[PDB]
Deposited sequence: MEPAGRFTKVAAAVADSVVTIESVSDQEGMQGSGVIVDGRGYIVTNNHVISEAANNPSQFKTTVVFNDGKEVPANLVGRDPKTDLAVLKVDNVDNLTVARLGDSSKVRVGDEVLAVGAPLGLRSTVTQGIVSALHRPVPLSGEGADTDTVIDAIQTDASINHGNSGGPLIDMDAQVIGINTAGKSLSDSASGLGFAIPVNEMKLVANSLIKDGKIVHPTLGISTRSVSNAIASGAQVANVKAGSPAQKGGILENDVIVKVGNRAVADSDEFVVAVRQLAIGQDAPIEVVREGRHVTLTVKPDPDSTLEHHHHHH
């Protein structure tokens, strides 16, 4: 058997099709079994329209061996484009076994696996082309977002979106997202997001009340500060050029949004700013974006 033929055949039973149908709509994607009780990780845009209109959409999981089972949304995170589904009382699930994306290196051979039975399903091959790659994602009413992504030249498309990025040990190192190089959500962020979605149905991320644009002191240029925000109270002014957030240099608006999410909620953090030719450090305490779940 081929080298990638073996790795793909060993993870196929862990990748499923995710189908969502209404009176006049249809959207399909892939998912991966991360827990033996029936927990499936997919990306948030695969299910977004079903989550927004659940009274009309029917969500279904289809396994490798043909079986078709209804599924429920446990939780979802548009900020990391992730979601958790649950199938009930299905036995002998081949659980995917999860790697460590911090141990991933540029040049590592990978496979972006889509659901073996999906309509337009794909399985592509490439290498890791970049790590911690901030990438913007923009198909429903959710927020646009940015993620620190694993970048690969394995093609990511409708057919393998939501399925796993797999290393040569048949371990999951990421979740493919199509929302011509590819991008995956690293598996360590997926464990954190999925771990907290399973228990609480929600995660909470820090927020500053800032929206930026990319700057020739380059960085993220403050376009608007929300009233009452942490940026408000910390001293951020509009047209500030943010160059550091916490311990992360900020090259543009994409890295800014990613850098904000790595911060601690309720702890003081320095924002280093280029203001009218000067450098100014400001202290900002991030609020939780979901204060009732915080």
Note to self, deposited ranges with zero CA coordinates are 1-3, 142, 184-191, 228, 230-231, 310-314
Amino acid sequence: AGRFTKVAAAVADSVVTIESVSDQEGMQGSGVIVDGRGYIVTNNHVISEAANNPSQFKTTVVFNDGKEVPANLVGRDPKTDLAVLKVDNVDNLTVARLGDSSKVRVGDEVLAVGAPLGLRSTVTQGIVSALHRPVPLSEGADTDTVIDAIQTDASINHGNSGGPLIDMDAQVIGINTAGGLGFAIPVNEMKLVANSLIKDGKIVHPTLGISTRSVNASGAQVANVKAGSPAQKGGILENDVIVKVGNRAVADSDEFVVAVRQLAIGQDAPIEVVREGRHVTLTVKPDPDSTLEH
From here on, numbers count along this sequence of modelled residues.
Going by the entry, of stretches 219-227 and 74-82 the one with greater average Cα B-factor is 219-227
Assert higher mean C-alpha B factor (262-270 or 25-33, deposited values) equals 262-270
Per the deposited B-factor column, the C-alpha that peaks among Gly140, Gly209, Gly174, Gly159 belongs to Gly140
Top Cα B-factor in this entry, restricted to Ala10, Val15, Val280, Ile18, sits on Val280
Tertile call for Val87 (CA temperature factor, within chain, third-based) is the middle
Quick tally, chain-level thirds of C-alpha B-factors: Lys191 sits in the middle
Of the three thirds of the chain ranked by Cα temperature factor, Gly201 occupies the highest
Entry-reported C-alpha B-factor of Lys244 relative to its chain, by third, is middle
Here the Cα B-factor of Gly180, set against its chain, lands in the third termed highest
